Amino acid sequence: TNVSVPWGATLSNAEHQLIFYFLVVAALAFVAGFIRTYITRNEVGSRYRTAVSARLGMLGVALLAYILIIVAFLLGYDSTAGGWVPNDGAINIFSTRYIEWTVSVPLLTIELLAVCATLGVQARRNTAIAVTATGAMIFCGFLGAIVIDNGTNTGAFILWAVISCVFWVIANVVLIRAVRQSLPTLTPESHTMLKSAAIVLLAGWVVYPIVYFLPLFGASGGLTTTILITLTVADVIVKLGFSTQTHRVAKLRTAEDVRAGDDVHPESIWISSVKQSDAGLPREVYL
């Protein structure tokens, strides 16, 4: 064995206060995000609405997931005057985060594929692979770090992390391919944003496998604090960073369709205070 489970380390008051701070700040950030996303939903044509429903879906999940993580944290440690001593439920703080990823991540794939130019079967096939891939990716990490021998077995810990990375690559490929195919068919302005969005998501993803392995280099209140806070900052930045990008895309693509006279939008579309499309109504129709 080399695995020092992070829910074994006792926390100082400073650490316990910092973790809670970032946890709740995260939850509230997601509430603010969810609200913003909901209110700005009709800034996007019916064609790119899957991007919106996915974004709102994932923010809703993240929000609720983080409430559980917060609850688990509050019931996971006991104050002893010698610090905060982990109880049996301390593992749930890490357990709950996997639950989050299991649902939140697949929605992130769907959101990216939605702003991609994939059509018909090529689109539905990609989604199916990306979803099941990312789903499996998380579920594997869960088996290694949590489920199997209370996450103490160094064999399984490393084994399933690798099995996970297999699925990870499958995902990266499917997404990168689907993006690389779209960029040509898009305008210069759209091209740039989709590339940006794809990077923010696929780039950030790297942080997680790195943090997964830190428990191998030992155990400590400081390490455990780092693991918890990093993943929180990671979750917030990726989810809100990426989401904002795919939105800006959907709007650009919507505005383009309006300008190209492919469709009409009942309100004017703006980006950084620069008008993109004008408000228009459909023709009145006789039966």
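For every residue, the number given is its place in the sequence shown, counted from 1.
> Check the entry's C-alpha temperature factors for 228-236 and 255-263, then say which stretch has the higher mean.
Stretch with the greater average CA B-factor: 255-263.
> Please work out which of 66-74 and 216-224 has the higher mean CA B-factor as recorded in the PDB entry.
It is 216-224 that shows the higher mean C-alpha B-factor.
> For the listed residues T102, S95, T109, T185, which one has the largest C-alpha B-factor as given in the deposited model?
Going by the entry's C-alpha B-factors, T185 comes out highest.
> Ranking every modelled residue in this chain by its Cα temperature factor as given in the entry, which third contains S273?
According to the entry, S273 has a C-alpha B-factor in the chain's highest third.
> So where's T127 on the chain's Cα temperature factor ranking, which third?
Its C-alpha B-factor, which the entry lists for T127, ranks in the highest third among residues of this chain.
> Can you work out whether the C-alpha temperature factor of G8 puts it in the lowest, middle or highest third of the chain?
According to the entry, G8 has a C-alpha B-factor in the chain's highest third.
> Place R36 in the lowest, middle or highest third of its chain's C-alpha B-factors, as listed in the PDB entry.
Ranked within chain, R36 CA B lands in the lowest tercile.
> Give the position of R47 by CA B-factor within its chain, expressed as the lowest, middle or highest third.
Highest third, going by the recorded CA B-factors of the chain.
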